[PDB]
């Protein structure tokens, strides 16, 4: 009786959701997923720490038993999959950068290890995962060259980013390859992301897309997001995915006032925020091809623990699978 998000936006972009693997054996989760979403991301199950293993010898092997379940589900229900993520400073074990004795690998050895990782993961899902977050969160505006000093930078160096895109494009030449980041609409970080992606495109690096995470709060200025998308879309042939959208009911990451249940006026403010947001996304439908929400429903949200244990209601569906005020205001950005 209520309308399907994917159908309402069928002319505009894919509507996606980030999922932990347990949802596939919960009939009520499966009902909400298949009604509303034609795209899915693994919330954690395709990150390097979720696939990388060592045996007793210290030899590296890959466990795809959980990741394969996402492709199986997607094929059964006619959904596309965003692969998240190949190269990241986070959720990657420290031993991946080291030999049997805990010394840093040589640049040559780590380039080889990166190549094998990307060829194995992207190669296994060739033709089945239409888009990859190849590199995640490489930008740090506090550094002279604007690049985070992770183990990737320390062990390989600043070309680790373009090498990751090269290897992913070799493993699946048909995949759309994304650079993904957060605070992507803050002016200093936005300008560094623009410059990184534009320069890589100009020297023929196979990057096809910017992933804008859109981890937002009610304090955020949607005007800044409009401006960021205007800047990014001036890069010839780039498309944009909104990769991890959520809207915290809080106005910072450490609120002094925490809600047990959300005030009506706070759900209404969130509904108006999501309305303005989807107006800006539709305005940029020429460049935006996928909008993915970081969680199926409010009680599954990472925002209930990652910044401290608290209730938050950041999504379009509540704890009882029911549409929120924001659901209706998002639908009405079209209807």
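Residue numbers count along the first chain shown, from 1.
Here the stretch with the larger average CA B-factor, out of 159 to 167 and 96 to 104, is 96 to 104. Between the stretches 41 to 49 and 54 to 62, it is 54 to 62 that shows the larger average CA temperature factor. As recorded in the PDB entry, 26 shows the highest C-alpha B-factor of the residues 26, 301, 290, 270. Per the PDB entry, 252 shows the highest C-alpha temperature factor of the residues 150, 252, 180, 91. Ranked within its chain, residue 323 lands in the highest third, by CA B factor from the PDB record.
In the PDB entry, a CA B factor belonging to the middle third of its chain's modelled residues is recorded for residue 263. In the PDB entry, residue 248 places in the lowest third of its chain by CA B-factor. In the PDB entry, residue 239 places in the middle third of its chain by CA B-factor.
Per-chain ranking of the deposited C-alpha B factor places residue 225 in the lowest third.
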